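Overview (structure and organization)
The chain contents come next:
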There are 2 protein chains.
Amino acid sequence: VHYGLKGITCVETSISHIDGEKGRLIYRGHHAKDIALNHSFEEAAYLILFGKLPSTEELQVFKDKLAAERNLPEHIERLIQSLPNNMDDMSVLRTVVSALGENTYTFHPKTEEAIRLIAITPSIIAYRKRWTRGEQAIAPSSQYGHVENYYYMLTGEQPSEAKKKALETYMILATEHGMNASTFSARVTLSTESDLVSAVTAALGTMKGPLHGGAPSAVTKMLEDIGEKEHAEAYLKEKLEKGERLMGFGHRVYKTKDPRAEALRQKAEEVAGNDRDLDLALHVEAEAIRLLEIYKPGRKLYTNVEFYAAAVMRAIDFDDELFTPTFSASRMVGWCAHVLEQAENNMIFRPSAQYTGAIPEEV
Amino acid sequence: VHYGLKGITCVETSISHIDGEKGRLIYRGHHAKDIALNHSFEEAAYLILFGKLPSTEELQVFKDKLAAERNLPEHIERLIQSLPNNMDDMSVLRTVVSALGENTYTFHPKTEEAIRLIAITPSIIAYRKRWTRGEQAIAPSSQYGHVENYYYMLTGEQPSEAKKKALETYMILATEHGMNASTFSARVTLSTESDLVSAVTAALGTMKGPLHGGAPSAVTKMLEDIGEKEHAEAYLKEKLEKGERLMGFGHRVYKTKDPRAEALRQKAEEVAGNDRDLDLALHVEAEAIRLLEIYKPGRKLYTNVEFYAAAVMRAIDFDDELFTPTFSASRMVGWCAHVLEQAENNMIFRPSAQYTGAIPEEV
Ligand SMILES: CC(C)(COP(=O)(O)OP(=O)(O)OC[C@H]1O[C@@H](n2cnc3c(N)ncnc32)[C@H](O)[C@@H]1OP(=O)(O)O)[C@H](O)C(=O)NCCC(=O)NCCS
Ligand SMILES: CC(C)(COP(=O)(O)OP(=O)(O)OC[C@H]1O[C@@H](n2cnc3c(N)ncnc32)[C@H](O)[C@@H]1OP(=O)(O)O)[C@H](O)C(=O)NCCC(=O)NCCS
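Residues numbered from 1 in each chain as written, not as in the entry; some residues may be left out. Chains lettered and ligands numbered in written order. Heavy atoms only, no water.

What the entry reports as its method is X-ray crystallography, with 3.40 Å given for the resolution.

1. Quick look at the overall build of chain A
To keep things clear, this is the line we draw: Think of it this way: any DSSP run of H or I at least four residues long counts as a helix, any run of E at least two long counts as a strand, and we number them from the N terminus. Here the globule rule is a power law, 2.2 Å times the number of residues to the power 0.38, and the radius of gyration is based on C-alpha atoms. Classification of residues uses two cut-offs on accessible area relative to the type maximum, computed with a 1.4 Å probe and protein chains only: under 20% is buried, over 50% is exposed, and between them is partly exposed. Contacts between residues were defined by any pair of non-hydrogen atoms, one from each residue, lying within 4.5 Å. Accessible surface area values rest on a Shrake-Rupley calculation with a 1.4 Å probe, where residue burial reflects the displayed protein chains alone. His is not counted, nor are the chain ends; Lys and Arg add positive charge and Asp and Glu add negative charge. The location of each charge is read from NZ of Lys, CZ of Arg, CG of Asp or CD of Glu.
What chain A contains, in helices and strands, is 16 helices and five strands. The C-alpha atoms of chain A give 21 Å as radius of gyration, which agrees with the globular expectation for 363 residues (21 Å, within 12%). With the C-alpha coordinates aligned to their principal axes, the bounding extent of chain A is approximately 65 × 65 × 45 Å. By residue count, 59% of the 363 residues in chain A fall in the buried class. Summarising the internal contacts of chain A: among those between residues at least 6 apart in sequence, 74% fall at separations of at least 24. Counting only carbon and sulfur atoms, one obtains 45% of the accessible surface of chain A, whose full area is about 15,100 Å². The averaged location of the 52 negative side-chain charges in chain A is 4 Å from the averaged location of its 42 positive side-chain charges.

2. Comments concerning the sheet that holds strand β4 (residues 30–31) of chain B
All names here are of chain B. Stated formally: What makes two strands pair is DSSP finding at least two bridges between them.
Taken together, three strands build an open sheet; the order of strands is β2-β3-β4 and the sheet is antiparallel. With partners counted over all chains shown, the strands left at the sheet margins are β2 (16–19) and β4, one partner each. Where β2 meets strand β3 (residues 24–27), four bridges bridge the pair, whose relative direction is antiparallel. Pairing of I18 across the sheet is with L25, part of β3.

3. Brief notes about the site of ligand 2
Residue and element names in this part refer to chain B. Applied cut-off: Whether a residue is near a molecule or strand depends on its heavy atoms: it is near if one of them lies within 4 Å of it. We define a polar contact as two N or O atoms separated by no more than 3.5 Å, with the added condition that, inside protein, one atom must be a possible hydrogen donor and the other a possible acceptor, whereas residues neighbouring each other in sequence contribute only through side-chain atom pairs. In the scheme used here, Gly and all other residues not listed as nonpolar or charged are polar, with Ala, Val, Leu, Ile, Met, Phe, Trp, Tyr, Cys and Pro taken as nonpolar and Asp, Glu, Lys and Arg as charged.
If you check the shell around ligand 2, you find 14 residues, and the closest are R245, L246, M247, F249 and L301. At a separation of 3.5 Å, an oxygen atom of ligand 2 approaches a polar side-chain atom of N304. Burial of ligand 2 by the surrounding chains reaches 65%, relative to a free accessible area of 900 Å². For the shell around ligand 2, the per-class residue count stands at five nonpolar, three polar and six charged.

4. Here's the deal with the packing of helix α12 (residues 232–239) of chain A against helix α14 (residues 276–295) of chain A
Residue and element names in this part refer to chain A. So the rule is basically this: As a rule, the C-alpha atoms of each element are fitted with a line to give its axis, helices using only the stretch in contact, and angles between N-to-C directions run from 0 to 180 degrees. We call a crossing left-handed when the near helix sits turned anticlockwise from the far one by less than a right angle, and right-handed when that turn is clockwise.
Between α12 and α14, the least distance of the axes is 10 Å, while the angle of their chain directions is 40°. As for how α12 packs across α14, the hand of that crossing is right-handed. Facing α12, whose interface residues are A232, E233, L236 and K237, α14 presents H283, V284, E287, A288, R290, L291 and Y295. Residue composition of the contact of α12 with α14, grouped by class: six nonpolar, one polar and four charged.

5. Description of helix α16 (residues 323–342) of chain B
In an α-helix, one full turn covers 3.6 residues, which means residues spaced three or four apart are oriented alike. Residues and elements named next belong to chain B. Cut-off, in case you're wondering: The length a helix should cover is 1.5 Å for every residue beyond the first. Take the seven residues that end at a residue and the seven that start at it, fit an axis to each, and the angle between those axes is the bend at that residue.
Look at α16: 27 Å from first C-alpha to last across 20 residues, which is about the 28 Å you get at 1.5 Å a residue. Helix geometry: α16 is bent most strongly at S330, by close to 35°. Burial analysis of α16 places 20 of its 20 residues in the buried class, the great majority of the element.

6. With respect to the interface of chain A and chain B
A common way to report how large an interface is uses the accessible area buried once the components associate. For clarity, the threshold we go by: A simple way to read buried area is as the amount of 1.4 Å-probe accessible surface that goes missing from two parts once joined, with both sides added. Note on definitions: salt bridges are taken to be side-chain nitrogens of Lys or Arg within 4 Å of carboxyl oxygens of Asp or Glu.
Each partner contributes residues to the interface: chain A has 75 residues there, and chain B has 74 residues. Three residues stand out in chain A for area buried against chain B, namely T192, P351 and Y355 of chain A, and they jointly supply 10% of the buried area on that side. At the boundary of chain A with chain B, the tally comes to four salt bridges. The residue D195 of chain B makes a salt bridge to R94 of chain A at a minimum N-O spacing of 3.3 Å. On the surface where chain A and chain B come into contact, there are 29 residue pairs in polar contact. Elements with a contribution of two residues or more to the side of chain A that touches chain B: β1 (9–13), β2 (16–19), β3 (24–27), β4 (30–31), α5 (89–100), α9 (181–190), α10 (196–208) and β5 (353–355) of chain A. Tallied by class, residues from the side of chain A that touches chain B come to 30 nonpolar, 32 polar and 13 charged.

7. What about the side chain of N304 of chain B?
Residue and element names in this part refer to chain B. Checked against the element boundaries, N304 lands in the loop between α14 (276–295) and α15 (306–315). Its relative accessible area of 4% is what places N304 among the buried residues. Non-local contacts of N304, meaning those with residues more than four positions away in its chain, are made with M247, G248, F249, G250, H251, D258 and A261.

8. A word on the domain arrangement of chain A
All names here are of chain A. Let me state the cut-off plainly: Boundaries between domains were set according to an automatic or database domain assignment.
Under the domain assignment used here, chain A contains domain 1 (11–213 + 317–349) and domain 2 (214–316). The C-alpha-based centres of domain 1 and domain 2 are spaced at 27 Å. Of the residues lining the interface, 28 residues belong to domain 1; the matching set on domain 2 comes to 27 residues. When domain 1 packs against domain 2, close to 2,600 Å² is buried across both sides, 70% of that on carbon and sulfur atoms. Taken as a group, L37, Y170 and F323 account for 21% of the area that domain 1 buries against domain 2, more than any other trio of residues on that side.

9. Looking at the relation of the copies chain A and chain B
As a reminder, the rule being used: All copies sit on top of one another after a least-squares fit of their C-alpha atoms.
Each copy of the sequence occupies a distinct position, and chain A is placed on chain B by a rotation of 179° and an axial shift of 0.0 Å, giving an RMSD of 0.0 Å. Taken together, the rotation and translation relating the two chain copies correspond to the operation of a two-fold axis. Looking at the rotation axis and the C-alpha trace of chain A, the residue lying nearest is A202 of chain A, at 2.2 Å. When you check the interface residues of chain A against chain B, 99% turn up at the interface there too, and the contact is symmetric in its surfaces.

10. Description of unusual backbone geometry
Phi at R28 of chain A is positive, roughly 30°, even though this residue is not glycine. Relative to the elements of secondary structure, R28 of chain A occurs in the loop between β3 and β4.

11. Details of the UniProt feature "active site" in chain A
Residues and elements named next belong to chain A. Selection criterion: UniProt positions are given in the numbering used here, feature names are shortened, and annotations may be inferred rather than shown by experiment.
Following the UniProt record, one finds the feature "active site" at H251 and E306. What stands out for the annotated residues spanning 56 residues is how close their C-alpha atoms remain, the widest pair being 9.7 Å apart. Locating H251 in the fold gives a position in the loop between α12 and α13 (259–270). Of note is the side chain of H251, whose polar atom sits 3.0 Å from the backbone nitrogen of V253.

12. Notes on the site of ligand 1
All names here are of chain A. By nearness alone, 14 residues border ligand 1, and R245, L246, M247, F249 and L301 come closest of all. Between ligand 1 and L246, the relevant distance is 2.6 Å, taken from a nitrogen atom to a main-chain nitrogen or oxygen of the residue. In the complex, 65% of the free accessible area of ligand 1, which totals 900 Å², lies under the protein chains. Within the shell around ligand 1, the residues separate by chemical class into five nonpolar, three polar and six charged.

13. Some details on the sheet that holds β4 of chain A
All names here are of chain A. In spatial order, the strands read β2-β3-β4; together these three strands make up an open sheet with antiparallel pairing. The open sheet has two edge strands, β2 and β4, and neither has a second partner. Across two bridges, β3 lies against β4 in antiparallel orientation. Paired with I26 across the strands is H31, a residue of β4.

14. Re the pattern of salt bridges
Where charged atoms from two side chains of opposite charge approach closely, those side chains can pair. Residues and elements named next belong to chain B. Per the counting criterion, the structure on display carries 38 salt bridges over all chains. One salt bridge in this structure joins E224 and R314, with 3.4 Å as the shortest N-O distance. With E224 in helix α11 (residues 217–224) and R314 in helix α15, this pair connects stretches of sequence that are 90 residues apart. Judged by relative accessible area, which is 51%, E224 ranks as exposed. Residue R314 is classed as partly exposed on the basis of its relative accessible area, which comes to 21%.

Below is the structure:
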């Protein structure tokens, strides 16, 4: 009996690999760090999706296809508002997306499809966020980037060069991350020759859960409690004496430091001095990591992604509610990618179980 | 590497057990045959759900709770029609159900909930079927049974004592059937402390697939090709000579005959002479099973459930399109049951995978 299937390797894939020991994470042959830092979400997507970075012309077309599928169909826009006020932006995303499922979505999923999804997700998220907040809806525009457009349809403004570059590098890191609950959920779902939508819809439903992609509220508060760098040590020092734990650090699967968390701290340095909510984090990190050395010497505890995900959001006034969604919109790539591959060489996840209950006699 | 996880037992459960070798299938301690044959869907549901048959008063209340949650909320009825004509009754069921997800549906799923779902599913299915068929909508009625109400909201009439008893015994057999694609899908989905709806929505999406609960069209035609018992042997005999295979027989997991298929043929005999579409099947079976003995002696090939599922439908003018749905509405019990249990003692399905692709050097 393999409870929760830990250590059970039920899949073969050339999309991504995560290596706890060696501190590394690879996307289709390249390092995540490199993609997060020196590329654009779109390039990234295109990689996880197809297998290589895109040519100078190769890309421009991909964008077009995207930019075009951002518009919310007439009835969809309408539906989002049909949906009553008691529905997480999540409970919704899940619903709405499902609403996209038609005849067009048959067994063999199609890039055409994987694309629509990836591209439209943020729009749903936003139009919905706006509506609930009684703000007037903001239509996407073939004019901005992808990660940048996501901001625009949410706020109405164009983000700081820093606020942007950061988020982007973030989403990219959230794009794909091996086999995890949801990603596995979709595969499983497509396992019965089902549709891309039904798979994403599944995965989505699975993301809603709090154990996967939940806001780092625990961290967000940490930061919110010390707006200035001065109080840096003070705070840490206090709760580090009666043994309380420092929220954004240490990891279950990363024995060495987290590459994602790493690729983030780095981009931050690049755009330092342009965003107080960010440059603060930088400090808090560096000042906290050197205090762990002190109070808990030996135990290699390194800053974990969750930490910076908390920071980047803090910088862009993305309250906790918009976390998971935003995350989803990104892992959306990972999913499709995984779906598209599951379908390449299918399977039938039929696992079995042990029956507890007593059995009746044939008599 | 365990591809598709065959032989992998990742779950413990006291809901159901399927035993290929010995020709038996057990629901919470009782035999399916017995439940299918001598009980009412509601009793059945109540069993898979709670663990025992219901008391004389114990039941009546369950019904009430059901009968009450059959009504389609104001906006839901409306939504079903919002949904464009290009959407399988399935693509819809999946959507709509998801539409039910609110705040009420949090981590620990609740019977209150498992119930609403089970009870409302058919209604969705129907109201939708009607609308597409340009028929006027038919409101459910606290007056008929459950399986019987499903017919009513679909047709507008009250089914033959035979047409009824049959279908009911059918759905009951479709209720739960161990760990299978979807049922597993829901568990997986709830694995991250998600909601009942998101789980069912997942499972649903997984059912849509053609490899799970697809119509036995292959069989349905067999029957449709010989309206009268006379042509019985004739037909069979022909395609059985150049080695063509007889669609409703033999099974992958049932070495001995299928109990479901069995529990069905039986109920049929009980209500013989009252339904030509049914009494025909009876014959075709018996006349075909005795021809297999003849052409392929030795190989214990026994009639398989799929066969009768094809027949019962044929009798009630339930074209192939309504198959999966109808099936879903039933397995809906199995699901909830399984969800409700997954949550009792959760887990985290984190399985892992083998990366094909080449890795880059640290450099
Ligand atoms: C995930 C976990 C616990 C790391 O797993 P592991 O270190 O491999 O397994 P552990 O039980 O933690 O190892 C025990 C040790 O961790 C140390 N440790 C880890 N994080 C610590 C922290 N923030 N503060 C103090 N000690 C910490 C303990 O001091 C202990 O070392 P000693 O017994 O020698 O003193 C991580 O340290 C953590 O708690 N992170 C905060 C939760 C989080 O990531 N939240 C994000 C969403 S809110
Ligand atoms: C599912 C399957 C193939 C049974 O699995 P198994 O019998 O365990 O594995 P098999 O490959 O079939 O065993 C091979 C044998 O099956 C026999 N067989 C099974 N069903 C047969 C049929 N309908 N007609 C003729 N032979 C059949 C073959 O004759 C062969 O025996 P021999 O080589 O000695 O002649 C089943 O027989 C079948 O084909 N059913 C029809 C498909 C179905 O169930 N459809 C429902 C949805 S449309």
